[PDB]
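A.B. asks: Okay, here's the structure, questions in a sec.
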Amino acid sequence: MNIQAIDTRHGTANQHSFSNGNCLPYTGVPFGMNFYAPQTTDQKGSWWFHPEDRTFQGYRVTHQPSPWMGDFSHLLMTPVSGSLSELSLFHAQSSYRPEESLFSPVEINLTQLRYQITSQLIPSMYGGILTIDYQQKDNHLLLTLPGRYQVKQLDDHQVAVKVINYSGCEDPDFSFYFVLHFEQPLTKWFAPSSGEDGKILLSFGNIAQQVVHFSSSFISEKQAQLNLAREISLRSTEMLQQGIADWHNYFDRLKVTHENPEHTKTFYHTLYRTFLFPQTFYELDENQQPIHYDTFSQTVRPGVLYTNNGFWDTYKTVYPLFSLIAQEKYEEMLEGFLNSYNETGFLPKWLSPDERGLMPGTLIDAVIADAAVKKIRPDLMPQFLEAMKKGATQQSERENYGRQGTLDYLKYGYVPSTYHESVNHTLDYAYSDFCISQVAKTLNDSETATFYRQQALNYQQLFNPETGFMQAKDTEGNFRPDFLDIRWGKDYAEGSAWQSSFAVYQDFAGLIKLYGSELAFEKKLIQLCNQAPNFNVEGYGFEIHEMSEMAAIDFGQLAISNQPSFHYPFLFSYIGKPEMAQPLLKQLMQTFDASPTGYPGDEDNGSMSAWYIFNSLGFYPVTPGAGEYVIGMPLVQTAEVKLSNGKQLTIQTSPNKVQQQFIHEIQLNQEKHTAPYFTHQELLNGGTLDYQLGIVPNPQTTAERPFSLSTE
Ligand SMILES: CO[C@H]1O[C@H](CO)[C@@H](O)[C@H](O)[C@@H]1C
Ligand SMILES: [Ca+2]
Ligand code: NA
């Protein structure tokens with residue numbers, strides 16, 4: 001699909017009570033430092049765009065990764081004609097016709113009906129071009145400068161802005177610089193000024209067209225001018241062509257077809273949302289050297305940096321996909337994450353722009369371990385191992401950094417029930433421990449590998465054989481009483497015991513053994529899938545959108561709306577019955593489409609999009625750090641995968657219509673493939689992956705299982 005046909009309102013029909021992706025209509029280049037979106041309202045907090053709104057407040061320069069994190073370093077540009085007494089966004093707002101507008105990754109185009117203005121925004125990595133066609137005779141641009149600001153007019157054609165605004169930041173004066181060069185001159189001079197919540201009306205007089213070339217920096221005004229100078233001569237058409245080529249660089253890596261072209265349209269909308277985050281958070285100085293802002297020291301520091309990622313989300317799918325098709329980005333992003341550790345003392349958890357904490361666990365450890373076992377940035381793994389061992393043995397004095405209950409986990413073999421969400425923290429630390437063991441192993445560090453492989457079995461501490469769930473346990477080894485399987489919160493993050501008891505990616509064979517047999521585990525998985533989607537709210541005291549998104553559909557406790565359930569269909573692969581889940585995977589993929597209601601829950605910065613992309617191809621990374629993809633059920637008929645190593649994997653299915661719900665046979669390079677997984681090395685060899693599909697199952701009788709520590 002051509003990037004210009006992607007409609008960025010995909011996944012944007014949201015509110016606090018219910019998510020269909022909690023996406024914004026992000027216009028930008030891949031991993032752009034800024035994104036650009038129309039703002040329709042200032043009365044709904046983080047939900048400042050809705051696709052059903054007919055009001056246009058301005059073009060918002062945004063860094064907002066999710067409505068839960070909020071924005072940082074934002075401002076707006078609003079074309080205006082005529083006089084305004086009052087310059088508030090509400091007083092300057094115009095209606096617009098969404099159905100006559102363009103909402104695409106490389107271009108916004110819309111008409112303000114109040115002003116008879118039609119305008120076009122094209123993005124670049126650090127800036128963009130805003131072209132403004134005025135019908136009226138007194139023409140302006142309104143800059144909305146939230147928080148503390150500075151603005152000045154440098155000459156007739158140049159304006160410089162600084163704004164300080166954020167939702168959370170270690171630097172209370174966190175500054176963003178924004179520079180505008182106008183083709184047509186300013187007709188009114190104003191003196192340098194500063195204040196809070198700026199409303200600056202720039203005047204151009206009677207011109208038919210203004211062309212605004214803009215750039216930005218987290219370094220300085222002078223760096224923002226250097227970023228602008230590098231692209232000032234571009235016409236809007238040339239910047240648009242370059243942005244189309246940037247997106248085609250990534251889209252061209254996965255050329256797919258389907259029986260149903262609606263499925264292809266869904267694929268490419270999720271692929272657009274897979275190359276946005278993490279956002280570039282470094283600039284190139286006068287010597288082309290990477291520099292960035294370090295909010296911990298409040299200084300400019302050398303090196304790459306990336307932002308807008310919660311590894312709790314993105315470790316699941318994003319970095320594994322990048323390990324196949326965007327290794328050059330993974331390489332640079334790992335360098336940035338290590339820089340975050342260098343600057344703060346702890347490997348990052350939730351960057352927006354700097355450490356926000358929020359979710360349980362230190363899942364950066366899986367991003368690191370997956371890279372180590374795939375030979376990505378082996379040069380950094382000794383530095384990563386030191387950072388990981390520090391996070392596993394030392395408690396940050398600051399609540400947002402590293403492990404919570406670090407020392408209690410080491411004393412007891414679990415985080416005790418007095419900690420919030422102790423089941424998640426326990427299971428995430430045991431999985432982290434596996435990840436640390438894998439990095440150690442790649443470095444031939446036997447003592448570290450042995451100790452952390454043993455720590456990785458700590459999931460066993462919270463398994464209650466009386467219930468068949470993971471439950472919180474106090475310091476005397478007693479399970480919290482009054483257990484209810486469907487009760488959300490308190491001991492579990494955004495789920496019940498059903499959404500939390502299977503986070504054992506390092507050792508499913510060992511978890512299965514705790515149930516007593518492959519058959520007792522099978523019965524538990526069947527009950528999870530086939531029951532009603534009932535929930536109890538008591539751990540929260542009210543219903544949250546994750547509950548509502550599970551209860552909106554009849555897929556039992558398999559809450560595909562949120563990350564904890566993403567791997568659930570693959571649990572059948574660990575008992576040698578993947579055929580039980582092949583229909584279920586195709587039916588789960590039908591919960592996605594390219595519409596404004598197109599995701600089953602929060603998309604989370606590529607996480608759910610890459611879930612869809614992997615499942616479309618028919619395999620999935622259940623265990624980052626194992627170097628394997630567990631086989632599912634493909635939705636494509638064809639795929640040409642351009643691998644980062646320069647080879648090509650060509651996928652071909654037999655006719656893949658709605659009645660094909662099973663895999664009959666797989667050939668990899670014309671050889672029968674019976675294992676319920678692929679190694680990373682097998683896929684990197686490239687060649688041909690042929691799926692013969694079925695309308696009935698074809699049970700394989702093989703003892704082969706995907707990776708588990710306890711059986712390796
Ligand atoms: C505070 O926001 C987080 O936590 C909330 C639960 O407290 C979620 O409903 C929401 O989706 C997000 C992950
Ligand atoms: Ca989520
Ligand atoms: Na939806």
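Every chain in the structure tokens has a letter given in the order shown (A, B, ...), and although residue numbers restart at 1 in each chain, ligands are simply numbered from 1 in the order shown.
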Which residues form the shell of 7 Å around ligand 2 when you count only C-alpha atoms and all ligand atoms, given as a PyMOL selection string?

C.D. replies: chain A and resi 313+562-563+602-604

A.B. asks: List the neighbours of segment 510-524 of chain A out to 9 Å using only C-alpha atoms; skip same-chain residues closer than 2 positions along the sequence, and give me the result as a PyMOL selection string.

C.D. replies: chain A and resi 457+459-460+463+465+468+502+504+506-508+526-529+571-572+574-577+708-711

A.B. asks: Taking N, CA, C and O atoms for each residue, export the selection above as a short mmCIF file (atom, residue, chain, number, x, y, z; two decimals), in the first residue's frame.

C.D. replies:
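What landed in out-v4.cif:
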```
data_model
loop_
_atom_site.label_atom_id
_atom_site.label_comp_id
_atom_site.auth_asym_id
_atom_site.auth_seq_id
_atom_site.Cartn_x
_atom_site.Cartn_y
_atom_site.Cartn_z
N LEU A 457 13.71 -19.33 38.24
CA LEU A 457 12.68 -20.28 38.70
C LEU A 457 11.82 -19.70 39.80
O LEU A 457 10.96 -20.43 40.29
N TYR A 459 9.34 -17.83 39.82
CA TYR A 459 7.88 -17.87 39.51
C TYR A 459 7.20 -18.95 40.35
O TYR A 459 6.01 -18.81 40.64
N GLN A 460 7.92 -20.01 40.71
CA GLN A 460 7.36 -21.18 41.44
C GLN A 460 6.85 -20.74 42.83
O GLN A 460 5.94 -21.37 43.33
N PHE A 463 3.00 -19.83 42.81
CA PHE A 463 2.01 -20.80 42.25
C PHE A 463 1.28 -21.47 43.41
O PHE A 463 1.93 -22.06 44.25
N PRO A 465 -0.92 -24.44 44.25
CA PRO A 465 -1.46 -25.68 43.70
C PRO A 465 -2.93 -25.93 44.03
O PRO A 465 -3.58 -26.66 43.30
N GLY A 468 -4.45 -23.38 41.13
CA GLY A 468 -3.92 -23.34 39.75
C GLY A 468 -3.73 -21.91 39.26
O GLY A 468 -3.63 -21.71 38.03
N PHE A 502 0.31 -16.56 33.69
CA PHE A 502 1.04 -17.29 32.63
C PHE A 502 2.21 -16.49 32.08
O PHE A 502 2.66 -16.74 30.92
N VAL A 504 5.41 -16.62 32.24
CA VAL A 504 6.57 -17.50 32.56
C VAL A 504 7.24 -17.90 31.25
O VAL A 504 7.44 -19.10 30.97
N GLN A 506 10.10 -17.81 30.23
CA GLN A 506 11.40 -18.52 30.37
C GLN A 506 11.22 -20.01 30.59
O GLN A 506 12.22 -20.73 30.39
N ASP A 507 10.04 -20.49 31.02
CA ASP A 507 9.95 -21.91 31.49
C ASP A 507 8.52 -22.42 31.50
O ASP A 507 8.08 -22.94 32.54
N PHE A 508 7.82 -22.35 30.38
CA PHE A 508 6.46 -22.91 30.33
C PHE A 508 6.49 -24.41 30.67
O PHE A 508 5.53 -24.87 31.28
N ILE A 526 -8.20 -24.31 28.21
CA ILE A 526 -9.57 -24.42 27.62
C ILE A 526 -10.56 -23.60 28.45
O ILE A 526 -11.39 -22.87 27.88
N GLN A 527 -10.51 -23.71 29.77
CA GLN A 527 -11.37 -22.93 30.69
C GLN A 527 -11.12 -21.42 30.51
O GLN A 527 -12.08 -20.69 30.48
N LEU A 528 -9.87 -20.99 30.43
CA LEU A 528 -9.51 -19.57 30.20
C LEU A 528 -10.26 -19.08 28.96
O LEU A 528 -10.88 -17.97 29.03
N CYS A 529 -10.21 -19.87 27.87
CA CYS A 529 -10.70 -19.40 26.55
C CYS A 529 -12.23 -19.51 26.48
O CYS A 529 -12.87 -18.64 25.87
N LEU A 571 0.21 -20.81 24.15
CA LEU A 571 0.40 -21.72 25.29
C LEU A 571 0.03 -23.16 24.86
O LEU A 571 0.60 -24.12 25.41
N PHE A 572 -0.85 -23.33 23.87
CA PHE A 572 -1.24 -24.66 23.37
C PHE A 572 -0.04 -25.35 22.67
O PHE A 572 -0.04 -26.58 22.59
N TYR A 574 2.87 -25.51 23.84
CA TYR A 574 3.78 -26.05 24.89
C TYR A 574 3.27 -27.40 25.37
O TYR A 574 4.01 -28.10 26.10
N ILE A 575 2.07 -27.79 24.93
CA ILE A 575 1.53 -29.15 25.25
C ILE A 575 1.38 -29.96 23.95
O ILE A 575 0.73 -30.99 24.02
N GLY A 576 1.95 -29.51 22.85
CA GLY A 576 1.98 -30.25 21.57
C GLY A 576 0.61 -30.25 20.91
O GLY A 576 0.32 -31.19 20.16
N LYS A 577 -0.18 -29.20 21.12
CA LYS A 577 -1.51 -29.12 20.51
C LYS A 577 -1.71 -27.74 19.89
O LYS A 577 -2.77 -27.16 20.11
N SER A 708 12.06 -23.99 26.74
CA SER A 708 11.85 -23.82 28.20
C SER A 708 13.18 -24.07 28.91
O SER A 708 13.87 -25.00 28.53
N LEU A 709 13.50 -23.27 29.90
CA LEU A 709 14.76 -23.42 30.66
C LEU A 709 14.90 -24.85 31.15
O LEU A 709 16.04 -25.37 31.10
N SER A 710 13.85 -25.36 31.79
CA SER A 710 13.88 -26.62 32.56
C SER A 710 14.12 -27.83 31.64
O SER A 710 14.41 -28.92 32.16
N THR A 711 13.98 -27.68 30.32
CA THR A 711 14.18 -28.80 29.35
C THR A 711 15.34 -28.54 28.38
O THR A 711 15.54 -29.39 27.51
#
```

A.B. asks: For chain A versus ligand 1, which residues have an atom no more than 12 Å away, and what is each residue's nearest atom pair and distance in Å rounded to one decimal, using only C-alpha atoms and all ligand atoms, chain-then-number order, as CSV?

C.D. replies:
```
residue,atom,partner,partner_atom_place_in_ligand_line,distance
A:14,CA,ligand 1,11 (O),11.7
A:15,CA,ligand 1,11 (O),10.9
A:16,CA,ligand 1,9 (O),8.3
A:17,CA,ligand 1,9 (O),8.5
A:18,CA,ligand 1,9 (O),9.3
A:19,CA,ligand 1,11 (O),8.5
A:20,CA,ligand 1,11 (O),11.6
A:21,CA,ligand 1,11 (O),10.5
A:22,CA,ligand 1,11 (O),9.1
A:46,CA,ligand 1,2 (O),11.6
A:65,CA,ligand 1,12 (C),11.9
A:66,CA,ligand 1,12 (C),8.8
A:67,CA,ligand 1,2 (O),8.1
A:68,CA,ligand 1,2 (O),4.8
A:69,CA,ligand 1,2 (O),7.6
A:70,CA,ligand 1,2 (O),10.1
A:310,CA,ligand 1,13 (C),10.2
A:312,CA,ligand 1,13 (C),10.2
A:313,CA,ligand 1,13 (C),9.9
A:350,CA,ligand 1,13 (C),11.5
A:356,CA,ligand 1,1 (C),11.3
A:357,CA,ligand 1,1 (C),11.0
A:358,CA,ligand 1,1 (C),7.4
A:359,CA,ligand 1,13 (C),7.3
A:360,CA,ligand 1,13 (C),10.5
A:420,CA,ligand 1,7 (O),11.7
A:421,CA,ligand 1,7 (O),11.1
A:488,CA,ligand 1,6 (C),10.4
A:489,CA,ligand 1,7 (O),8.5
A:490,CA,ligand 1,7 (O),10.4
A:492,CA,ligand 1,6 (C),10.7
A:493,CA,ligand 1,6 (C),7.6
A:494,CA,ligand 1,6 (C),6.1
A:495,CA,ligand 1,6 (C),9.6
A:537,CA,ligand 1,6 (C),11.4
A:539,CA,ligand 1,7 (O),10.1
A:540,CA,ligand 1,7 (O),7.5
A:541,CA,ligand 1,7 (O),10.7
A:542,CA,ligand 1,7 (O),10.2
A:543,CA,ligand 1,9 (O),8.8
A:544,CA,ligand 1,9 (O),5.2
A:545,CA,ligand 1,9 (O),5.7
A:546,CA,ligand 1,9 (O),6.0
A:547,CA,ligand 1,9 (O),8.5
A:548,CA,ligand 1,9 (O),10.1
A:549,CA,ligand 1,9 (O),10.6
A:561,CA,ligand 1,11 (O),10.1
A:562,CA,ligand 1,11 (O),8.7
A:563,CA,ligand 1,13 (C),10.1
A:564,CA,ligand 1,13 (C),11.7
A:601,CA,ligand 1,11 (O),8.9
A:602,CA,ligand 1,11 (O),7.2
A:603,CA,ligand 1,11 (O),10.5
A:604,CA,ligand 1,13 (C),9.2
```

A.B. asks: Find the spatial neighbours of segment 25-37 of chain A, counting only C-alpha atoms, within a cut-off of 6 Å - ignore same-chain residues fewer than 2 positions away - and output them as JSON, numbers by chain.

C.D. replies: {"A": [8, 9, 59, 60, 61, 62, 63, 105, 106, 123, 124, 125, 126, 243, 275, 276, 277, 279, 280, 281]}

A.B. asks: What's the separation between atom CA of residue 473 of chain A and atom CA of residue 417 of chain A, in Å to one decimal place?

C.D. replies: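 Atom-to-atom, atom CA of residue 473 of chain A to atom CA of residue 417 of chain A, that is 5.2 Å.
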